[PDB]
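In: got an experimental structure here, sequence first:
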Protein chains: 6
Amino acid sequence: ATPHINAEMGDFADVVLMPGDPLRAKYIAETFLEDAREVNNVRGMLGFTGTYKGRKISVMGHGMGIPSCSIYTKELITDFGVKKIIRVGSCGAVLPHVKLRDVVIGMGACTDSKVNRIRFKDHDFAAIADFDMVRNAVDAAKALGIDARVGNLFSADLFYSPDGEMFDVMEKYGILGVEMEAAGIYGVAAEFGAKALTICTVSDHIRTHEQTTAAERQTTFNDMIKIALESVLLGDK
Amino acid sequence: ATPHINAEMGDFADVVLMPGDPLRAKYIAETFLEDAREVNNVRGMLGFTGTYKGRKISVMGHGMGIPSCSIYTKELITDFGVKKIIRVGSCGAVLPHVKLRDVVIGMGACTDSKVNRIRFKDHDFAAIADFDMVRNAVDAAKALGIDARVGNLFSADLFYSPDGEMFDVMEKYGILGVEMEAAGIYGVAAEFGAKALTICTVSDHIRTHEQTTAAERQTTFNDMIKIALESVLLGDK
Amino acid sequence: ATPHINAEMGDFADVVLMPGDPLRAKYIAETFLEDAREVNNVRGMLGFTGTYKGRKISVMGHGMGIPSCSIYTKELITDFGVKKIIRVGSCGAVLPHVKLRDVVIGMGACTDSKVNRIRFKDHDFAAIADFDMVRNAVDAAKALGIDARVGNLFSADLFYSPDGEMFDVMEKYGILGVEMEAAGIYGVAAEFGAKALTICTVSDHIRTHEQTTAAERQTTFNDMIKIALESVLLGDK
Amino acid sequence: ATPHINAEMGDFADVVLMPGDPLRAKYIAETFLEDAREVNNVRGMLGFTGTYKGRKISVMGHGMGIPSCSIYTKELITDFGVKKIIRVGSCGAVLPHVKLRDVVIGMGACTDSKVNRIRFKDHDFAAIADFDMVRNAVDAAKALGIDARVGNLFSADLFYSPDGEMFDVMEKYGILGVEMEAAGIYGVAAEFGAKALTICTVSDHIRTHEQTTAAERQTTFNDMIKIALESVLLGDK
Amino acid sequence: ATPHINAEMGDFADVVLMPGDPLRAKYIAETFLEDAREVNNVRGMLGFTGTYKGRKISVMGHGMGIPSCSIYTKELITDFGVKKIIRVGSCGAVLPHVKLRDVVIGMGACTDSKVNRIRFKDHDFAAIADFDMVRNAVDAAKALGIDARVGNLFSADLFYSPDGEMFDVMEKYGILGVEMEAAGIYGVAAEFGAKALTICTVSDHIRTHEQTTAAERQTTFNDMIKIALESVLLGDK
Amino acid sequence: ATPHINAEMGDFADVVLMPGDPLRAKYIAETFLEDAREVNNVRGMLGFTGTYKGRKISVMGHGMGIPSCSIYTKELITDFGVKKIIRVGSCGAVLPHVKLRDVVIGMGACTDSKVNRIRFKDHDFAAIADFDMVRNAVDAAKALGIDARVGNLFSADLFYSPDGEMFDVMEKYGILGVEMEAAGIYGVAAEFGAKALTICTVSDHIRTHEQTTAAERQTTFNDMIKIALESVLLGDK
Ligand SMILES: Nc1nc2c(ncn2COCCO)c(=O)[nH]1
Ligand SMILES: Nc1nc2c(ncn2COCCO)c(=O)[nH]1
Ligand SMILES: Nc1nc2c(ncn2COCCO)c(=O)[nH]1
Ligand SMILES: Nc1nc2c(ncn2COCCO)c(=O)[nH]1
Ligand SMILES: Nc1nc2c(ncn2COCCO)c(=O)[nH]1
Ligand SMILES: Nc1nc2c(ncn2COCCO)c(=O)[nH]1
């Protein structure tokens, strides 16, 4: 057991899907995993382990923000033998060509957090995904008929930013999605020697846009999770 | 409703107690509040409203880390008419004279987060509590026979810090407790014109120490919550 | 003697009031202290010691700016047995509701200086006053019929600021007054293990217009000094 | 013509290979391109254009360092219709498992430069390659029987580093190679809307000893260039 | 009249010598000038105007630290038509071969203050003296047969520095003397369009606590003042 | 031999002139030296040793940017006994009264590079030329009847800057010319214990795109080279 995960070595798979919302983790275990077992309830951060087409997989919430996901991803890697982390989340879009419900794969993650500067003697650490995990996700997406965009995320510390003009800078430099975690997760992965990917679904456009139905949101969420789960299987080959 | 709180104006009191763990919020509502009603379940971030000696009070989890609590505290202030936030949490101690189970009241909060630099044109924002809220808490504590320490907290972005030497610096400059929120909460309070306090209970000593029993932990947790609730009543006079 | 104070252990009380202006130190000694003797004149930075209602008290100028007041407060603390510093100064207001001749007590002090960053490994140190000293001052002011405002000061390095967009930021984040010392003094106090407080009168409204008073000013100035001295008596018990 | 390239629209292919050394640009043109013509000689920064298996391709030196390669890559992109830049360089290894003559592909590039901070409002920009270009390179290398390592480079401003404690940090965080350009090139590509990739061969092991090879070196260098050119053909479809 | 100088346009010469100590400004007025009249005593910051071999010259204390001297130098430039400022101060040596009582001429000034960063968008402003003023002081010192070193001062905010290791860095980079003003004065001269120079004499070693007497200290204090005044005469031709 | 210079101890003079363009190093060797022999051509960075009125003098390109010239200047100092470096380059003007073809002498160099911050614990290192070298160049220019301004250069990392507003700041603070090297050269000279100066001629205005011809540009290019070489002769006496 670790201070935030009441479990023991072997309760988690070597791959963990992590949505921000622990209620989404439960949904994932019910909908996609066979023979599922609850492995964590500390602080209501529900975590599960089961199988997907024979492959042992875990899914657990990480909570909002770099500091929250940095705790869980760290403890998973150092105490539970976890090798790959796939964040499966939502993000806001700044580019007009990026649409609601697009699947974005974060090969890199910009951030306004200081955590990687603390790690890296105040220089620029390029917070990146594991490349094979990126390609696995792109290929899984293509096999399912979904055309994912690959590029930079921006991991924001402040959801309610006082710096509105920063969204124009994000747009200018090609940022595909704004979320709150990737750069933190990629930093932990590099610190402790494991591998990470963040896949996000565009749930907001910080420009116009219109909005979507609950049936549409569920479909793309399911698509994202299919992409994550199938990407793991490609990775094992 | 706000993107993280499915509720409407008047569902929350103008004062909200916020532990990090939403399961502790439920415990608080059951143990101390009368006529309690659940007002939030979005992402499992359980929130409640009831009364304590006649006074309308709410209690809701904020999750770990500045970015998480910054979302909830912001939405509470701007959309739910909340005026005072009392964080009620745990912290690690660096000073040898500060003991397990001490109640620490954060008149200020140091941080290694960048959020207040983003707010404050990269200068030093002294993240502080509201003074009356501090004194209310000190007086409530004294009336209950608990002798609280008042001073600086340190709000860390990284629970698992790669910068071990920073704990010696914290010790040198008098930091009473290490937690993950206060500076963020105090920043939001200043940004949006409300008032905040963080009270913490020492649950770890990052030096020796020994440890405690579950009965002892529950007692001091209850003491902290009594201090928070009674402080509110002094504040209304 | 230290390189900036030509005096010996015992020549100062264990509490020192400190205006910026050494001429105002003489004003204070002469007006409020009995049996007042001059104890320093190096660089014209007049210091005095006498009694206020039987209690040994010193008053000495600190000069303008963090680097100046950091020298004097340090040497007082480490070489003259001084345990409490009370800065008694002027400040400029940025908030509309803060008026000329309001007494403001600096519970915390923001700054654009780098001194606390140098001390605190480039993180945010919340430069705060001693809590008991703050509440002694509030109570001493209440006994005199004055309602002191307690909150954040801003300690500026540049009196003539290159750009005044920073005043709008100070105003947004609730800064009560702008002066040039508090954050430095609170830093020294934490570095060297003593207690400090800054009390200021509002001399100027940098916002507006700036409609003026008489003197009047001088009676409000005397009220600040009386608050300081009476707060010391409260602190003694 | 631009201030650093004496050539006209059409003189370059829409893809440019770029070594640091202009003498190596001539090596590449001469060895790998048919019908190769020199298209630039301003400041001795030789550029050439010819064909590789019927495909129009250019190769031109960029000089050592971010500021040098930022000039050439920008002018190529905005004035010569260039859509893809492939840096083909050397780098120093810090990881034990990374050997002399490993081909490393810079999916991301860390840096101690300030150029991306200047672009990105002092936040962390993750300087990344174009994903498709990265996977074209990996596949081109696999077809040639080479197992390219994909990960982070470090783009240093100081070849002769003031202190080498930074190499241990690079090693802890999984940096595959140290060179002087990639982060700058990836920044320009994102600023001006083009695509870029850095491929390097390991010329040195800054860690150890550093036991040596023959040339051999030169055949691994030719493999890098063949990977680059073949990746372009894959990218064309 | 300005907020810190009770005097009028004409009371000061167009050149002002400024020691930190106002009492040394007095000694200079007594010892070197004739028809010396006091033109300022606000806050005890004594200023004098007189003549040196018939040349109108002023001399006024600036207080300790960047913020203090920035106030007085600014006011002198904007409201009293002062064109040139010559600081005549003490400094500490960090180089073993710079001996007590050496005269140092600050052609540049390093600093750990943030004031020039605030002026210069957080980039490196090289805080430099006026070249002709530097040349004049080198020639005045030659003509009087006095040894004088030209190079970098370091202007510190903390006389009592918590970072002793920084002195090794100053040593490493050839810093001739550590004082508390020059970089601030040179930034003010640049901002408000005047000219400045800092001359200092080494009154101790940071490393040691080495010994002299009141005969030599004043004769060397007098050497610096002669250089300064004679350098002005040369500037006039 | 060093990694970027194929030559041996003795092949260079103790003084080296360095333009950025190696082809201008060639023109200088042809036009001004006698018995000129090529001593370096690695990476095409042409270096020549010869004599000027019997004085042994070398001249070698340094490439564009701080990182490039830091490599070559370091190697020259540590392995070829070079004592003095004189950069002879072009710059852009930001002051309207600094005209095309003006000669500028960089007594100091501002920068937006991080290299000196890395050397100087993130404080402000005033990057300065050697005073005697500056004096020699002022006197050489006087004796040849050439106008020459002394003050601050700004050494930029981005020739193509995304922050146009910074040019207004450079203007505000008297920056005489914008180039890409001086601050880096002056930092190298300080770190490795040699002497340096940067002289430049203004080849355009950042603001405008103003016009000249090949007759005047070379005659002014020649003016700067004469100053540099004659300044060395003066230094020898
Ligand atoms: N900052 C930010 N984070 C987001 C957005 N959408 C999703 N995330 C990341 O999820 C955490 C917030 O619910 C957005 O629009 N902005
Ligand atoms: N960084 C840190 N945060 C703590 C500690 N104890 C409590 N907190 C704050 O609570 C969030 C982590 O569970 C501690 O020891 N270190
Ligand atoms: N920076 C600043 N300092 C002040 C102000 N008012 C008083 N002080 C303190 O400086 C005292 C010297 O005038 C103000 O408006 N700004
Ligand atoms: N900074 C750095 N650059 C390198 C290294 N190896 C190759 N390069 C790229 O510089 C090419 C010029 O030698 C290295 O070990 N460090
Ligand atoms: N910071 C610093 N300043 C000095 C020293 N010596 C002289 N000065 C100049 O100002 C300090 C006045 O006491 C020193 O040793 N350190
Ligand atoms: N950054 C910059 N450098 C210049 C300019 N003019 C000359 N230099 C010196 O190096 C640039 C060579 O093209 C300019 O306008 N900007």
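Out: Structure's in. What do you need? Residues are numbered from 1 along each chain as shown, chains lettered A, B, ... in the order given. Ligands and ions are numbered 1, 2, ... in the order given.
In: which helix of chain A spans the most residues?
Out: helix A:214-235 (DSSP state H).
In: and that one, what does it pack against?
Out: Counting contacts by 3 or more Cβ pairs under 8 Å, 6 or more residues apart in numbering or on different chains; DSSP states H and E, helix A:214-235 is packed against strand A:15-18, helix A:22-32, strand A:47-52, strand A:55-60, strand A:84-93, strand A:103-111, helix A:131-143, strand A:195-205. For the C-beta atoms, the positions are set from N, CA and C on the backbone; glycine is no exception.
In: buried residues in it?
Out: Residues A:217, A:220-221, A:223-232, A:234-235 are the ones in helix A:214-235 that count as buried (16 or more other Cβ atoms under 10 Å in any protein chain shown).
In: over to stretch A:175-192?
Out: Result for stretch A:175-192 [16+ other Cβ under 10 Å]: buried residues A:175-192.
In: also stretch A:113-132?
Out: Buried-residue list, stretch A:113-132, by 16+ other Cβ under 10 Å: A:113-120, A:122-132.
In: filter those down to just the ones in helices.
Out: Short answer: the buried residues of stretch A:113-132 in helices (DSSP H) are A:115-119, A:131-132.
In: ok, the residues you listed vs residue F:17, which is closest?
Out: Nearest to residue F:17 among those: residue A:117, at 39.8 Å, using Cβ to Cβ.
In: just checking, that closest one touches residue D:117?
Out: No. Between residue A:117 and residue D:117 there is no contact under Cβ atoms under 8 Å: 10.5 Å.
In: can you tell me which residues in chain A are near ligand 4?
Out: Proximity of chain A to ligand 4 (Cβ under 6 Å from any ligand atom) involves no residue at all.
In: so which bits of chain A are right by chain B?
Out: A:4, A:20-23, A:43-44, A:46, A:61, A:63-68, A:70-71, A:74, A:112-115, A:118-119, A:156-163, A:180, A:191 (Cβ under 8 Å from any Cβ of the partner chain).
In: mind listing what residue A:133 touches?
Out: For residue A:133, the contacting residues are A:84, A:86, A:195-197, A:231, A:235, by Cβ atoms under 8 Å, 6 or more residues apart in numbering or on different chains.
In: repeat that with 6 Å
Out: Contact partners of residue A:133, counting by Cβ atoms under 6 Å, 6 or more residues apart in numbering or on different chains, are A:195, A:197.
In: same check, this time on residue A:79
Out: Residues near residue A:79 by Cβ under 6 Å, 6+ apart: residue A:2.
In: now the residue most central in space within chain A: how far from residue A:18?
Out: In chain A, the C-alpha nearest the mean C-alpha coordinate belongs to residue A:87, at 1.7 Å (Cα atoms, centre = their mean). Per Cβ to Cβ, to the nearest Å, residue A:87 is found 5 Å from residue A:18.
In: next: residue A:237.
Out: 23 Å.
In: next: residue A:10.
Out: 19 Å.
In: compare those two and say which is more crowded by neighbours.
Out: Ranked by neighbour count (other Cβ atoms under 10 Å in any protein chain shown), residue A:10 and residue A:18 place residue A:18 first, with 29 against 11.
In: just give the nearest non-adjacent residue to that one, would you?
Out: residue A:62 (4.5 Å; Cβ to Cβ, 6 or more residues apart in numbering or on different chains).
In: if I look at that neighbour, how far off is ligand 1?
Out: Counting by Cβ to the nearest ligand atom, to the nearest Å, the gap from residue A:62 to ligand 1 is 10 Å.
In: try residue A:64
Out: From residue A:64 to ligand 1 the distance is 5 Å (Cβ to the nearest ligand atom).
In: that residue: neighbour count?
Out: 28.
In: residues contacting it?
Out: Taking Cβ under 6 Å, 6+ apart, one finds A:20, A:180, B:68 in contact with residue A:64.
In: ok, the second one touching residue A:63?
Out: No. Counting by Cβ atoms under 6 Å, residue A:180 sits too far from residue A:63 to count as a contact (9.6 Å).
In: filter the residues of chain A next to chain B to the buried ones?
Out: A:4, A:20-23, A:43-44, A:46, A:61, A:63-68, A:70-71, A:74, A:112-115, A:118-119, A:156-159, A:161, A:180, A:191.
In: got the contact list for residue A:162?
Out: Here residue A:162 is in contact with residue B:119 (Cβ under 6 Å, 6+ apart).
In: does it belong to a helix, a strand or coil?
Out: coil (DSSP: H, G, I helix; E, B strand; the rest coil).
In: now it: how far from chain D?
Out: 13 Å (Cβ to the nearest Cβ, to the nearest Å).
In: repeat for residue A:125
Out: Taken as Cβ to the nearest Cβ, the span from residue A:125 to chain D is 5 Å.
In: save the ones in helices among the buried residues of stretch A:113-132 as a markdown table, and put in distance to residue B:36 too.
Out: Shown next, in a markdown table, are those (distance: Cβ to Cβ, whole Å):
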| residue | distance to residue B:36 |
| --- | --- |
| A:115 | 37 |
| A:116 | 42 |
| A:117 | 43 |
| A:118 | 41 |
| A:119 | 43 |
| A:131 | 51 |
| A:132 | 50 |
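In: tell me the one of those nearest residue E:201?
Out: When those are compared against residue E:201 (criterion: Cβ to Cβ), the nearest one is residue A:117, at 41.2 Å.
In: look up how far residue F:205 lies from the closest one.
Out: 37 Å.
In: got it, and residue A:93?
Out: Distance from residue A:93 to residue F:205, by Cβ to Cβ: 41 Å.
In: tell me the contacts of the spatially closest residue to residue A:137 that is not a sequence neighbour?
Out: Spatial nearest neighbour of residue A:137, chain neighbours left out: residue A:231 (4.2 Å); criterion: Cβ to Cβ, 6+ apart. The contact partners of residue A:231, by Cβ under 6 Å, 6+ apart, come to A:136-137, A:140.
In: what is the nearest of those to chain C?
Out: residue A:137 (36.4 Å; Cβ to the nearest Cβ).
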